[PDB]
Amino acid sequence: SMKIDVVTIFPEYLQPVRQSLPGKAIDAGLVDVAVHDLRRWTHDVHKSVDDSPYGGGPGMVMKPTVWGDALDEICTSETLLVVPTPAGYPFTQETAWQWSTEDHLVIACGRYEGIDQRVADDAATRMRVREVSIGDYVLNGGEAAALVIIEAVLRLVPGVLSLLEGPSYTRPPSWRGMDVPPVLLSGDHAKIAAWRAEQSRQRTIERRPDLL
Amino acid sequence: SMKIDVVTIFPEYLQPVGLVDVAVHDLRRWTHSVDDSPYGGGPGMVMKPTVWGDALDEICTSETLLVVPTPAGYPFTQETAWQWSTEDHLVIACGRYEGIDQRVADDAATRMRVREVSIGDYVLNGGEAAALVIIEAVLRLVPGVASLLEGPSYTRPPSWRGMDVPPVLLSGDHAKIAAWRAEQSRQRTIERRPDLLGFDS
Ligand SMILES: CN1CCN(Cc2ccc(Cn3ccc4ccc(-c5n[nH]c(N)c5C#N)cc43)cc2)CC1
Ligand SMILES: CN1CCN(Cc2ccc(Cn3ccc4ccc(-c5n[nH]c(N)c5C#N)cc43)cc2)CC1
């Protein structure tokens, strides 16, 4: 039973998450995913969510007052507040396992240069807060990271949906002059696992030597 | 100028997307099941090469960069995004199940450039979420649109819930501000990503 709240100035960007949720997991009450438009908590008629950064520099910073109101309404003390950011701790598979058992996740999606730091600092005095990054590249905002995080976490929730894996093959046995490696049709399953382990080692050495 | 074609059995997931166009293609429009059991055994299903071959035949040219998301890929990083930002034609083949038969990539590599990549060390259900991340990271670099973590940012008001913006940022002194931000960045980097500065995780 997990509730996920996403807060964003582009709620439309989260459409694919609602498209990938099975009706049975929802109706069995295993998961609920709500998306909230941040501008619902703005204070002015211009619906301002950003302002110039103290200290100068390019770009804008999301206003603490607007985010404070949104999180105040949506979070409780039991909430896990996830804040995507290019300067976060790495989001990995272990992170996903750990979060997959939470009752309530709130994902605060920023834009521009990100969110006034006091928002997270304030939230952390009464709930668990995690600033994370989904990888070493730069995005426009937190929304794509939210999709990735939701997908990686939810697929580890029952019934919701070391080395690199080597190549896989299926039918037909021959295709455009390429044969499936004969060892896979040998019926020697110890030897098949050895071949796969060695493909796995070579691939890891070639593509991800850092893991070794 | 860039053309991006994404190929998937779940084009419904890609709905979010002048000098750059992005098209989404339903792989199923090339079937006369897309999946079967893996040779050698194992759990799950593998996408058959036949369907993929026909689809990519029609969409790709020798100039095309074929991008294949996979948990076993080379790391997709900011350097990759820079590299790809000057391509004319990207084709992103999104798999599902346990992935795509290896021969699809091996075949395509005889005719064009192929890049198997991963967007991070976690597991997804398919390549669609990766495609969105790759598209976003690359397109924001397309012409006409160091190795440290950015420190904290603040805006108005200068005091909020009894929390003050660090006084140096209000000081208006650029050299003190640049020094403070430098220190902030390096301390964040060593705390959150020591690997970027060459230490153990
Ligand atoms: C270090 N350098 C130099 C300074 N820049 C400053 C900067 C700051 C924000 C933005 C855009 N943005 C706004 C909210 C937000 C959330 C997550 C992400 C995100 N990007 N990449 C990931 N793995 C992300 C995740 N998760 C990006 C976001 C772009 C550029 C940062 C990089
Ligand atoms: C250790 N091994 C043991 C076996 N499994 C095998 C396996 C293989 C595919 C899938 C799902 N899937 C299908 C197509 C496809 C493309 C990209 C991604 C993807 N995941 N994480 C990234 N950074 C991705 C990217 N980019 C996942 C995909 C799930 C599980 C994996 C872990």
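Residues numbered from 1 in each chain as written, not as in the entry; some residues may be left out. Chains lettered and ligands numbered in written order. Heavy atoms only, no water. Residues with missing side-chain atoms left out of burial classes, pairs and counts.

## Focus: the sheet that holds strand β2 (residues 20-26) of chain B
Residue and element names in this part refer to chain B.
Then, number 1: Spatial strand order, β2-β1-β6-β5-β7: 5 strands in an open sheet with parallel pairing. Strand pairing shows two members of the sheet lacking a second neighbour, β2 and β7 (113-118), which therefore form its edges. Ignoring which end each strand starts from, the neighbouring axes of this sheet average 25° apart.
Then, number 2: Direction of pairing for strand β1 (residues 2-8) relative to β2: parallel, over a ladder of 7 bridges. Across the sheet, residue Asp5 finds its bridge partner in β2, namely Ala23.
Then, number 3: Sheet strands touched by helix α1 (residues 49-59): β1, β2, β5 (65-75) and β6 (89-93). Its angle to β6, the strand with the most contacts, is close to 165°.
Then, number 4: Packed on one face of the sheet, helix α4 (residues 128-139) meets β1, β2, β5, β6 and β7 and runs near 175° to β1. (Pairing = 2+ DSSP bridges. Helix = DSSP H or I, 4+ residues; strand = E, 2+ residues; numbered from the N terminus. Axes fitted to C-alpha atoms, helices over the stretch in contact; angles between N-to-C directions. Contact = heavy atoms within 4.5 Å.)

## Points about the interface of chain A and chain B
Then, number 1: Across the contact, 73 residues belong to chain A and 72 residues belong to chain B.
Then, number 2: Counted by class, the side of chain A that touches chain B contains 34 nonpolar, 17 polar and 22 charged residues. (Nonpolar A, V, L, I, M, F, W, Y, C, P; charged D, E, K, R; others polar.)

## Regarding the UniProt feature "binding site: S-adenosyl-L-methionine" (unreviewed entry) in chain B
Residues and elements named next belong to chain B.
Then, number 1: Within this structure's numbering, the places UniProt gives as "binding site: S-adenosyl-L-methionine" (unreviewed entry) are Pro69, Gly95, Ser118, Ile119, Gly120, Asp121, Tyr122, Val123 and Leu124.
Then, number 2: Position of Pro69 among the secondary structure elements: in strand β5.
Then, number 3: If sequence neighbours within four positions are ignored, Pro69 has contacts with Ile92, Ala93, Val117, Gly127, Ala130 and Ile134.
Then, number 4: With respect to the element layout, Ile119 can be found in the loop between β7 and α4.
Then, number 5: Judged by relative accessible area, which is 6%, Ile119 ranks as buried. (UniProt positions renumbered as here; feature names shortened; annotations may be inferred. Buried < 20%, exposed > 50% of the residue type's maximum accessible area, 1.4 Å probe, protein only.)

## Some details on the packing of aromatic side chains
Then, number 1: Inspection of the entire model under this criterion finds 4 aromatic pairs over all chains.
Then, number 2: Ring centres of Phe91(A) and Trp99(A) lie 5.5 Å apart, and the angle between their planes is 45°; this geometry places the pair in the tilted category.
Then, number 3: With a relative accessible area of 4%, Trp99(A) lands in the buried category.
Then, number 4: Taking the centre distance of 5.5 Å and the plane angle of 50° together, the rings of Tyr137(A) and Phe76(B) count as tilted. With one member in each of two chains, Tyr137(A) in the loop between β7 (128-133) and α6 (143-154) and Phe76(B) in the loop between β5 and α2 (78-84) form a pair that bridges those chains.
Then, number 5: Within the aromatic cluster, the residues linked to one another by ring pairs are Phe91(A), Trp99(A) and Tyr122(B). (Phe/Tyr/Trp six-rings, centres within 6.5 Å; stacked < 30°, edge-to-face > 60°.)

## Quick look at the site of ligand 1
Then, number 1: The local shell around ligand 1 holds 19 residues, among which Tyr112(A), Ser133(A), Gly135(A), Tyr137(A) and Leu139(A) are the closest.
Then, number 2: Site remark: ligand 1 is flanked by residues from chains A and B.
Then, number 3: In the model, a nitrogen atom of ligand 1 is placed 3.5 Å from a nitrogen or oxygen of the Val132(A) main chain.
Then, number 4: The side chain of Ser133(A) places a nitrogen or oxygen atom 2.9 Å from a nitrogen atom of ligand 1.
Then, number 5: About the coverage of ligand 1: the protein hides 82% of its 660 Å² of free accessible area. (Near = heavy atom within 4 Å. Polar contact = N/O pair within 3.5 Å; in protein donor to acceptor, adjacent residues only side chain to side chain. Areas by Shrake-Rupley, 256 points an atom, 1.4 Å probe, with all protein chains shown as cover.)

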